[PDB]
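Here is the file data.cif (mmCIF, C-alpha atoms and all ligand atoms).
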data_final
loop_
_atom_site.group_PDB
_atom_site.id
_atom_site.type_symbol
_atom_site.label_atom_id
_atom_site.label_comp_id
_atom_site.auth_asym_id
_atom_site.auth_seq_id
_atom_site.Cartn_x
_atom_site.Cartn_y
_atom_site.Cartn_z
ATOM 1 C CA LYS E 1 172.617 198.482 59.352
ATOM 2 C CA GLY E 2 176.089 198.246 60.868
ATOM 3 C CA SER E 3 178.244 200.998 62.271
ATOM 4 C CA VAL E 4 181.295 202.289 60.443
ATOM 5 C CA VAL E 5 184.337 200.842 62.287
ATOM 6 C CA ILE E 6 187.829 202.324 62.728
ATOM 7 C CA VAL E 7 190.210 199.649 61.393
ATOM 8 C CA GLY E 8 193.400 201.718 61.357
ATOM 9 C CA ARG E 9 194.851 205.225 61.408
ATOM 10 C CA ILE E 10 197.156 207.516 59.471
ATOM 11 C CA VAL E 11 199.279 209.952 61.476
ATOM 12 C CA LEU E 12 200.531 213.193 59.901
ATOM 13 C CA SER E 13 201.929 214.683 63.101
ATOM 14 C CA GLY E 14 204.962 212.415 63.182
ATOM 15 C CA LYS E 15 208.423 213.823 62.585
ATOM 16 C CA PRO E 16 211.771 212.294 61.511
ATOM 17 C CA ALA E 17 212.887 210.024 64.310
ATOM 18 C CA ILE E 18 215.872 207.780 64.905
ATOM 19 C CA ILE E 19 214.402 204.281 65.204
ATOM 20 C CA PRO E 20 215.385 202.905 68.646
ATOM 21 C CA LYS E 21 217.051 199.510 69.105
ATOM 22 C CA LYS E 22 215.509 197.031 71.505
ATOM 23 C CA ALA O 1 208.105 221.037 57.606
ATOM 24 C CA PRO O 2 207.590 218.276 55.014
ATOM 25 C CA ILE O 3 204.273 216.422 55.086
ATOM 26 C CA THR O 4 205.074 212.836 56.085
ATOM 27 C CA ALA O 5 202.566 210.200 57.226
ATOM 28 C CA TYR O 6 202.326 206.632 58.449
ATOM 29 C CA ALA O 7 199.566 204.059 58.768
ATOM 30 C CA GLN O 8 198.788 201.443 61.434
ATOM 31 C CA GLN O 9 196.190 198.696 61.270
ATOM 32 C CA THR O 10 194.173 198.525 64.468
ATOM 33 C CA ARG O 11 191.839 195.648 63.724
ATOM 34 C CA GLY O 12 191.080 192.675 61.519
ATOM 35 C CA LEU O 13 188.188 191.324 59.473
ATOM 36 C CA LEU O 14 186.519 189.350 62.263
ATOM 37 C CA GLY O 15 187.078 192.069 64.863
ATOM 38 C CA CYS O 16 185.758 194.677 62.412
ATOM 39 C CA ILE O 17 182.549 192.752 61.627
ATOM 40 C CA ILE O 18 181.798 192.092 65.307
ATOM 41 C CA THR O 19 182.488 195.739 66.219
ATOM 42 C CA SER O 20 180.177 196.775 63.376
ATOM 43 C CA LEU O 21 177.178 194.810 64.725
ATOM 44 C CA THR O 22 178.022 195.745 68.294
ATOM 45 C CA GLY O 23 178.666 199.410 67.596
ATOM 46 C CA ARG O 24 181.016 199.374 70.573
ATOM 47 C CA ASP O 25 184.707 200.025 69.878
ATOM 48 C CA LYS O 26 187.010 200.115 72.900
ATOM 49 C CA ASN O 27 190.265 200.551 70.960
ATOM 50 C CA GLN O 28 192.400 203.633 71.571
ATOM 51 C CA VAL O 29 192.368 206.324 68.890
ATOM 52 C CA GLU O 30 195.280 208.355 67.527
ATOM 53 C CA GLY O 31 195.828 210.369 64.359
ATOM 54 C CA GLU O 32 194.054 212.864 62.122
ATOM 55 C CA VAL O 33 192.855 210.405 59.493
ATOM 56 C CA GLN O 34 191.066 207.206 60.472
ATOM 57 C CA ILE O 35 191.019 204.181 58.163
ATOM 58 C CA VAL O 36 187.389 203.268 58.270
ATOM 59 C CA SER O 37 185.329 200.263 57.104
ATOM 60 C CA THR O 38 181.866 198.870 56.660
ATOM 61 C CA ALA O 39 180.936 195.334 55.648
ATOM 62 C CA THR O 40 180.784 196.676 52.090
ATOM 63 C CA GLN O 41 183.961 198.776 51.904
ATOM 64 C CA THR O 42 186.864 200.585 53.527
ATOM 65 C CA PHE O 43 187.681 204.267 53.081
ATOM 66 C CA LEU O 44 189.007 207.183 55.152
ATOM 67 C CA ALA O 45 187.715 209.789 57.593
ATOM 68 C CA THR O 46 189.509 213.026 58.399
ATOM 69 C CA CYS O 47 189.141 214.868 61.680
ATOM 70 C CA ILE O 48 188.956 218.627 61.063
ATOM 71 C CA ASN O 49 188.089 221.060 63.847
ATOM 72 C CA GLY O 50 186.747 218.489 66.304
ATOM 73 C CA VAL O 51 184.557 216.721 63.747
ATOM 74 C CA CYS O 52 185.357 213.457 61.942
ATOM 75 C CA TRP O 53 184.397 213.856 58.305
ATOM 76 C CA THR O 54 184.041 211.182 55.681
ATOM 77 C CA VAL O 55 182.410 210.475 52.348
ATOM 78 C CA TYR O 56 178.644 209.962 52.152
ATOM 79 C CA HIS O 57 179.094 207.456 49.367
ATOM 80 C CA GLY O 58 180.990 205.251 51.800
ATOM 81 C CA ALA O 59 179.358 205.813 55.211
ATOM 82 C CA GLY O 60 175.834 206.322 53.926
ATOM 83 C CA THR O 61 173.738 207.127 56.925
ATOM 84 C CA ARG O 62 175.490 204.783 59.390
ATOM 85 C CA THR O 63 176.568 205.430 62.966
ATOM 86 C CA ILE O 64 180.231 205.230 63.993
ATOM 87 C CA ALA O 65 181.235 202.618 66.573
ATOM 88 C CA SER O 66 182.715 203.977 69.828
ATOM 89 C CA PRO O 67 183.440 202.989 73.475
ATOM 90 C CA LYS O 68 179.929 204.180 74.375
ATOM 91 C CA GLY O 69 178.189 202.352 71.547
ATOM 92 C CA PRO O 70 177.081 203.812 68.184
ATOM 93 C CA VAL O 71 177.367 207.545 67.675
ATOM 94 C CA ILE O 72 174.813 209.202 65.401
ATOM 95 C CA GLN O 73 176.118 211.499 62.662
ATOM 96 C CA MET O 74 176.250 215.215 63.448
ATOM 97 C CA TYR O 75 176.184 216.346 59.803
ATOM 98 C CA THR O 76 174.857 214.685 56.672
ATOM 99 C CA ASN O 77 174.850 216.232 53.194
ATOM 100 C CA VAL O 78 173.916 213.800 50.443
ATOM 101 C CA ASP O 79 174.288 216.462 47.776
ATOM 102 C CA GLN O 80 177.847 217.329 48.798
ATOM 103 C CA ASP O 81 178.617 213.676 49.568
ATOM 104 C CA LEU O 82 179.477 214.350 53.231
ATOM 105 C CA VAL O 83 178.811 212.984 56.722
ATOM 106 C CA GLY O 84 180.354 213.897 60.061
ATOM 107 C CA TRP O 85 180.436 212.446 63.561
ATOM 108 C CA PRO O 86 182.088 214.091 66.514
ATOM 109 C CA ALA O 87 185.824 213.312 66.407
ATOM 110 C CA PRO O 88 186.639 210.182 68.459
ATOM 111 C CA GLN O 89 188.213 210.714 71.857
ATOM 112 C CA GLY O 90 191.899 210.429 71.056
ATOM 113 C CA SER O 91 191.874 211.622 67.447
ATOM 114 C CA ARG O 92 193.730 214.800 66.462
ATOM 115 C CA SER O 93 192.114 217.396 64.187
ATOM 116 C CA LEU O 94 193.449 219.176 61.137
ATOM 117 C CA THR O 95 192.481 222.799 60.587
ATOM 118 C CA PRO O 96 191.086 224.510 57.479
ATOM 119 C CA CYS O 97 193.497 226.112 55.062
ATOM 120 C CA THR O 98 193.654 229.880 55.143
ATOM 121 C CA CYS O 99 196.579 230.658 52.756
ATOM 122 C CA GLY O 100 194.532 229.676 49.684
ATOM 123 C CA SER O 101 197.392 227.678 48.121
ATOM 124 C CA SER O 102 197.042 225.784 44.843
ATOM 125 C CA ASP O 103 199.762 223.180 45.448
ATOM 126 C CA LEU O 104 197.963 220.396 47.318
ATOM 127 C CA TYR O 105 199.085 216.986 48.642
ATOM 128 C CA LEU O 106 196.684 214.034 48.807
ATOM 129 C CA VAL O 107 197.222 211.579 51.671
ATOM 130 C CA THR O 108 196.196 208.063 50.618
ATOM 131 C CA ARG O 109 195.084 205.099 52.778
ATOM 132 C CA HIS O 110 198.588 203.675 52.420
ATOM 133 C CA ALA O 111 199.936 206.840 54.012
ATOM 134 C CA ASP O 112 201.508 208.131 50.777
ATOM 135 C CA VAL O 113 201.294 211.843 50.033
ATOM 136 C CA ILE O 114 201.004 212.734 46.380
ATOM 137 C CA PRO O 115 201.209 216.222 44.903
ATOM 138 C CA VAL O 116 198.157 217.502 43.022
ATOM 139 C CA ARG O 117 197.766 220.941 41.409
ATOM 140 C CA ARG O 118 194.474 222.661 42.077
ATOM 141 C CA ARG O 119 192.575 223.437 38.881
ATOM 142 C CA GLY O 120 188.953 224.068 39.771
ATOM 143 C CA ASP O 121 187.543 224.602 43.233
ATOM 144 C CA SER O 122 186.716 220.883 43.408
ATOM 145 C CA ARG O 123 189.340 219.534 40.973
ATOM 146 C CA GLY O 124 193.092 219.057 41.026
ATOM 147 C CA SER O 125 195.550 217.343 38.661
ATOM 148 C CA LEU O 126 198.024 214.673 39.714
ATOM 149 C CA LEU O 127 201.543 215.715 38.732
ATOM 150 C CA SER O 128 202.289 212.034 38.363
ATOM 151 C CA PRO O 129 199.349 209.926 37.118
ATOM 152 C CA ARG O 130 198.938 206.643 38.942
ATOM 153 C CA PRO O 131 196.618 203.702 38.334
ATOM 154 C CA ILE O 132 193.259 204.153 40.083
ATOM 155 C CA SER O 133 194.032 200.993 42.106
ATOM 156 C CA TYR O 134 196.630 203.076 43.941
ATOM 157 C CA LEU O 135 193.952 205.528 45.054
ATOM 158 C CA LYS O 136 191.376 202.879 45.899
ATOM 159 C CA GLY O 137 190.027 203.234 49.436
ATOM 160 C CA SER O 138 191.187 206.824 49.847
ATOM 161 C CA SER O 139 187.875 208.698 49.561
ATOM 162 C CA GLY O 140 187.333 210.755 52.684
ATOM 163 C CA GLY O 141 191.079 211.399 52.983
ATOM 164 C CA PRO O 142 192.689 214.860 53.173
ATOM 165 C CA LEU O 143 194.068 217.186 50.525
ATOM 166 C CA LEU O 144 196.558 219.256 52.513
ATOM 167 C CA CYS O 145 198.332 222.469 51.587
ATOM 168 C CA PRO O 146 202.126 222.833 52.099
ATOM 169 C CA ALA O 147 201.360 224.021 55.633
ATOM 170 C CA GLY O 148 199.474 220.806 56.473
ATOM 171 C CA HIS O 149 196.002 222.336 56.538
ATOM 172 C CA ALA O 150 192.916 220.751 55.101
ATOM 173 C CA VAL O 151 191.922 222.063 51.653
ATOM 174 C CA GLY O 152 189.462 219.283 50.787
ATOM 175 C CA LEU O 153 188.408 215.637 51.152
ATOM 176 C CA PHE O 154 189.201 213.194 48.305
ATOM 177 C CA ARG O 155 186.031 211.664 46.835
ATOM 178 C CA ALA O 156 186.569 210.494 43.264
ATOM 179 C CA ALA O 157 189.195 210.141 40.551
ATOM 180 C CA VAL O 158 189.133 211.586 37.037
ATOM 181 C CA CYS O 159 190.599 208.576 35.248
ATOM 182 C CA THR O 160 190.960 207.052 31.798
ATOM 183 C CA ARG O 161 192.335 203.672 30.694
ATOM 184 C CA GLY O 162 192.479 202.885 34.410
ATOM 185 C CA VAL O 163 194.887 205.737 35.151
ATOM 186 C CA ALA O 164 194.028 208.640 37.440
ATOM 187 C CA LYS O 165 195.121 211.931 35.913
ATOM 188 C CA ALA O 166 193.100 214.144 38.241
ATOM 189 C CA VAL O 167 191.035 213.956 41.412
ATOM 190 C CA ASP O 168 187.681 215.323 42.500
ATOM 191 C CA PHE O 169 187.500 216.636 46.035
ATOM 192 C CA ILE O 170 185.140 218.331 48.473
ATOM 193 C CA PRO O 171 186.674 221.695 49.495
ATOM 194 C CA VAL O 172 186.504 222.545 53.221
ATOM 195 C CA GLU O 173 184.049 225.353 52.432
ATOM 196 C CA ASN O 174 181.322 222.789 51.865
ATOM 197 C CA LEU O 175 181.974 221.545 55.381
ATOM 198 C CA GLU O 176 181.180 225.000 56.788
ATOM 199 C CA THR O 177 178.048 225.117 54.636
ATOM 200 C CA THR O 178 177.065 221.580 55.683
ATOM 201 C CA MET O 179 177.462 222.416 59.386
ATOM 202 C CA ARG O 180 175.476 225.576 58.824
ATOM 203 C CA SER O 181 172.650 223.379 57.464
HETATM 204 B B1 LIG T 1 186.603 205.980 47.767
HETATM 205 O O1 LIG T 1 187.608 205.189 48.297
HETATM 206 O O2 LIG T 1 185.343 205.404 48.007
HETATM 207 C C1 LIG T 1 186.759 206.092 46.156
HETATM 208 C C2 LIG T 1 188.205 206.233 45.650
HETATM 209 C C3 LIG T 1 188.425 206.061 44.114
HETATM 210 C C4 LIG T 1 189.685 206.642 43.463
HETATM 211 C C5 LIG T 1 190.013 205.266 42.842
HETATM 212 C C6 LIG T 1 188.795 204.657 43.570
HETATM 213 N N1 LIG T 1 185.849 206.924 45.373
HETATM 214 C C7 LIG T 1 185.077 206.417 44.413
HETATM 215 O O3 LIG T 1 185.048 205.219 44.129
HETATM 216 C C8 LIG T 1 184.189 207.406 43.666
HETATM 217 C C9 LIG T 1 182.790 207.633 44.145
HETATM 218 C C10 LIG T 1 182.009 206.910 43.102
HETATM 219 C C11 LIG T 1 182.764 206.799 41.801
HETATM 220 N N2 LIG T 1 184.128 207.142 42.227
HETATM 221 C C12 LIG T 1 185.198 207.315 41.438
HETATM 222 O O4 LIG T 1 186.257 207.777 41.868
HETATM 223 C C13 LIG T 1 185.034 207.013 39.947
HETATM 224 N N3 LIG T 1 185.355 208.230 39.216
HETATM 225 C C14 LIG T 1 184.397 209.017 38.746
HETATM 226 O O5 LIG T 1 183.203 208.695 38.786
HETATM 227 N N4 LIG T 1 184.830 210.119 38.137
HETATM 228 C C15 LIG T 1 183.907 211.114 37.573
HETATM 229 C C16 LIG T 1 184.231 211.404 36.101
HETATM 230 N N5 LIG T 1 184.177 210.198 35.254
HETATM 231 C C17 LIG T 1 182.896 209.572 34.913
HETATM 232 S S1 LIG T 1 185.580 209.393 34.906
HETATM 233 C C18 LIG T 1 186.053 209.872 33.286
HETATM 234 O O6 LIG T 1 185.261 207.991 35.000
HETATM 235 O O7 LIG T 1 186.600 209.851 35.842
HETATM 236 C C19 LIG T 1 183.790 212.453 38.447
HETATM 237 C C20 LIG T 1 185.117 213.234 38.604
HETATM 238 C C21 LIG T 1 182.808 213.414 37.765
HETATM 239 C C22 LIG T 1 183.241 212.104 39.863
HETATM 240 C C23 LIG T 1 185.843 205.818 39.467
HETATM 241 C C24 LIG T 1 185.358 205.522 38.040
HETATM 242 C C25 LIG T 1 185.560 204.627 40.396
HETATM 243 C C26 LIG T 1 187.359 206.107 39.449
HETATM 244 C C27 LIG T 1 181.633 208.354 43.459
HETATM 245 C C28 LIG T 1 180.369 208.572 44.252
HETATM 246 C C29 LIG T 1 181.965 209.485 42.507
HETATM 247 ZN ZN ZN T 2 197.137 226.696 53.742
#

Do you think you could lay out the structure here as structure tokens?
Ligand SMILES: *[B]([O])([O])[C]([C][C]1[C][C][C]1)[N]C(=O)[C]1[C]2[C]([C]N1C(=O)[C]([N]C(=O)[N][C]([C]N([C])S([C])(=O)=O)C([C])([C])[C])C([C])([C])[C])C2([C])[C]
Ligand SMILES: [Zn+2]
Amino acid sequence: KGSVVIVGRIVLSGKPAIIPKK
Amino acid sequence: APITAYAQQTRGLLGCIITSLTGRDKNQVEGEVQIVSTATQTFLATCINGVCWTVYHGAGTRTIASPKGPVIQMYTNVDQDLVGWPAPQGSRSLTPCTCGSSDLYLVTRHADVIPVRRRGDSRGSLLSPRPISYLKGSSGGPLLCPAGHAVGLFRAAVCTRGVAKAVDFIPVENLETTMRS
């Protein structure tokens, strides 16, 4: 049987941030 | 501080299937909750105190893919519907709730946090019913308290007519008991 794979993440430790322009 | 969350997809269908058979995942890890998948389904896994916990009904008895190959489960409790593997190098752990609050917030696989009021020790009522399709793929996710501490792991919805009015969760106390077994 196959292994459970990590396909993505959810981060709770993030805080309001000004999105930077590139 | 307000509980906010965001999601990020790390791999696709073909990459996921290959990594499943291989059992070797070299991707970098970040976050407290991992979006996890099998060939059958996709659900969530929450890292709490150095251990990555998920739902037994989703992971079964499988290993988790890692840089070093498959990693065997540390804890397995069919009766409590739990499994645990050591938290992946890179993940960040949540910590058990101490304050004993009754105002919980469920974090879904789409990174939405919804308020739920604790009723029983394993039940809580959504303050805003949503179709079950909204909650789909969220079992194994966290039920946080206003302080951001793990109160339980989402496992099933109490729904009717296709609308979830309440949720069934696994309180963190069963994790202690599971580890102690
Ligand atoms: B997880 O992503 O795997 C998933 C998430 C879920 C919320 C919308 C999909 N969990 C499940 O699929 C669980 C798992 C399976 C059944 N299940 C459910 O959530 C189901 N709900 C229940 O079985 N609820 C019952 C009570 N009912 C019979 S009722 C009136 O249908 O709610 C309990 C609360 C007693 C558990 C469905 C019907 C899929 C919503 C298991 C192992 C419980
Ligand atoms: Zn708390």

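Set the cut-off at 8 Å, count all atoms listed in the file, and the residues of chain E near chain O turn out to be residues 1, 2, 3, 4, 5, 6, 7, 8, 9, 10, 11, 12, 13, 14 and 15 of chain E.
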
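Near residue 125 in chain O, within 7 Å and counting all atoms listed in the file, sit residues 116, 117, 118, 119, 165, 166 and 167 of chain O; same-chain residues fewer than 5 positions away were not included.
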
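The gap separating CA of residue 136 in chain O from CA of residue 86 in chain O is 25.2 Å, in Å to one decimal.
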
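The space separating atom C29 of ligand LIG 1 (chain T) from CA of residue 101 in chain O comes to 24.5 Å.
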
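Restricting the calculation to all atoms listed in the file, the smallest distance between ligand ZN 2 (chain T) and any of O:133, O:122, O:128, O:102 is found for O:102.
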